[PDB]
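Trainee: curious how this folds, go ahead:
(one chain, ligands or ions: 6)
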Amino acid sequence: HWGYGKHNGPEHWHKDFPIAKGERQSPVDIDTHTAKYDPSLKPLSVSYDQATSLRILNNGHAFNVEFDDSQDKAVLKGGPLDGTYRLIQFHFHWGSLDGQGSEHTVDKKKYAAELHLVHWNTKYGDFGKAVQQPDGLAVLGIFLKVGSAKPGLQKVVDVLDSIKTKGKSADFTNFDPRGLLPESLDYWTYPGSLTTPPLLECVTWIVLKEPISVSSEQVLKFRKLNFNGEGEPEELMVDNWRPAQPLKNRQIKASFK
Ligand SMILES: N#Cc1ccc(S(N)(=O)=O)cc1
Ligand SMILES: N#Cc1ccc(S(N)(=O)=O)cc1
Ligand SMILES: OC[C@H]1O[C@@H](O)[C@H](O)[C@@H](O)[C@@H]1O
Ligand SMILES: OC[C@H]1O[C@@H](O)[C@H](O)[C@@H](O)[C@@H]1O
Ligand SMILES: OC[C@H]1O[C@H](O)[C@H](O)[C@@H](O)[C@@H]1O
Ligand SMILES: [Zn+2]
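Mentor: Numbering: from 1, shown residues only. Ligands and ions are numbered 1, 2, ... in the order given. Have a look at this structure:
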């Protein structure tokens with residue numbers, strides 16, 4: 001199956017997922033000089049005060065923190081979005097070393113990691129139906145740089161030893177995703193895709209300009225996870241990022257002048 005290694009990584013995905021060479025693939029490089037302020041963007045609303053986290057899962061590619069999406073609790077609205085988008089999960093992509101790990105790049109610069117908060121458009125009723133629609137998903141992307149520790153991340157870090165291998169999960173109730181945000185909600189936005197197979201072209205990307213800082217110790221613990229299952233030869237879960245894809249017939253819009 002697909003992965004990130006030399007033999008099943010991003011350069012191979014197109015053989016089973018031909019949309020990998022499609023017209024609005026993600027991630028992309030964000031050229032900050034060509035991005036244009038867009039006055040048509042409405043204020044962005046990240047409304048996570050009633051979020052209900054449930055569980056954390058090592059799925060063999062990353063770890064997902066899953067939320068109750070059975071009703072409107074944690075939602076994302078405004079900005080480029082038409083309607084209400086419910087938070088379903090978040091996960092990260094990261095590197096083997098601090099100089100790489102992000103999926104999006106900013107003027108070609110790679111960050112140490114990238115957080116994706118994944119939301120689906122409630123007009124479509126369920127996630128599976130949303131991923132059959134051009135505007136089915138919205139992903140809020142946040143860059144991580146290494147510096148001071150992020151207190152709102154430490155609970156995540158500290159549970160990772162209990163989900164080291166593929167298929168392991170743990171209870172992860174009462175986690176507040178608001179502690180993962182930076183101060184500013186300035187962002188870039190463009191239409192794109194899932195960055196992992198099945199690579200579906202359903203996503204409105206909203207990428208925050210301000211990174212969060214995490215400590216070296218925090219990201220080092222991400223890198224102790226395993227891609228493999230229990231009992232199998234250890235393959236450290238590192239470099240689980242897709243490189244930037246061609247922009248093609250797209251423009252990146254900025255929320256800020
Ligand atoms: N054996 C094998 C194998 C290699 C690559 C992939 S792909 N196209 O999903 O990256 C799948 C299976
Ligand atoms: N199913 C699914 C799925 C959800 C989000 C993403 S991402 N890396 O574009 O946020 C990838 C796959
Ligand atoms: O426990 C994590 C978070 O869960 C939410 O449902 C609560 O309303 C918040 O007050 C709390 O910070
Ligand atoms: O035709 C002019 C228009 O070109 C488009 O490509 C830009 O997105 C708009 O901002 C601009 O007003
Ligand atoms: O908030 C997420 C998790 O943080 C810590 O692991 C707590 O001990 C646990 O009870 C909680 O589920
Ligand atoms: Zn992702």
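
Trainee: ok, now which ones touch residue 120?
Mentor: Taking CB atoms under 8 Å, 6 or more residues apart in numbering as the criterion, residue 120 is in contact with 69, 85-86, 88, 126-127, 130-131, 136-138. No exception for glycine: its C-beta is placed from N, CA and C like everyone else's.

Trainee: which bits of the stretch 151-257 of the chain sit near ligand 3?
Mentor: Contact residues, the stretch 151-257 of the chain versus ligand 3 (CB under 6 Å from any ligand atom): 174-176.

Trainee: which of those residues are close to ligand 2?
Mentor: Counting by CB under 6 Å from any ligand atom, no member of those reaches ligand 2.

Trainee: buried among those residues? Make that a PyMOL selection.
Mentor: A single PyMOL command selects the buried members of these (16 or more other CB atoms under 10 Å):
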select buried, resi 175
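
Trainee: which among the residues of the stretch 151-257 of the chain next to ligand 3 gets closest to residue 227?
Mentor: Nearest to residue 227 among those is residue 175, at 23.8 Å by CB to CB.

Trainee: inside helices: which ones of the residues of the stretch 151-257 of the chain next to ligand 3?
Mentor: Among those, no member is found in helices (DSSP state H).

Trainee: among the residues of the stretch 151-257 of the chain next to ligand 3, which one lies nearest to ligand 1?
Mentor: residue 175 (31.7 Å; CB to the nearest ligand atom).

Trainee: so what's the closest residue to the closest one other than its chain neighbours up against?
Mentor: In this structure, residue 175 finds its nearest non-sequential neighbour in residue 53, 4.0 Å apart by CB to CB, 6 or more residues apart in numbering. By CB under 8 Å, 6+ apart, residue 53 lies in contact with 65-68, 172-175, 177.

Trainee: and residue 24, how close does it get to ligand 2?
Mentor: Distance of residue 24 to ligand 2, computed by CB to the nearest ligand atom, to the nearest Å: 12 Å.

Trainee: again, but for residue 160
Mentor: In this view, residue 160 and ligand 2 are 19 Å apart by CB to the nearest ligand atom.

Trainee: surely that residue touches residue 63?
Mentor: Yes. Between residue 160 and residue 63 there is a contact under CB atoms under 8 Å: 7.0 Å.

Trainee: output the contacts of residue 120 as CSV; include the columns distance to ligand 1, secondary structure and neighbour count.
Mentor: As requested, the contacts of residue 120 are exported to CSV (distance: CB to the nearest ligand atom, whole Å; DSSP: H, G, I helix; E, B strand; the rest coil; neighbours: other CB atoms under 10 Å):
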residue, distance to ligand 1, secondary structure, neighbour count
69, 27, coil, 21
85, 28, strand, 28
86, 29, strand, 22
88, 23, strand, 18
126, 25, coil, 10
127, 21, helix, 17
130, 23, helix, 23
131, 18, coil, 17
136, 22, coil, 22
137, 21, strand, 25
138, 26, strand, 28
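
Trainee: find the nearest non-adjacent residue to the residue nearest the centre of the chain, please.
Mentor: In the chain, the centroid-proximal residue (CA atoms, centre = their mean) is residue 116; its distance is 1.9 Å. Closest residue in space to residue 116, ignoring its immediate chain neighbours: residue 139 at 5.2 Å, by CB to CB, 6+ apart.

Trainee: appreciated, that's everything.
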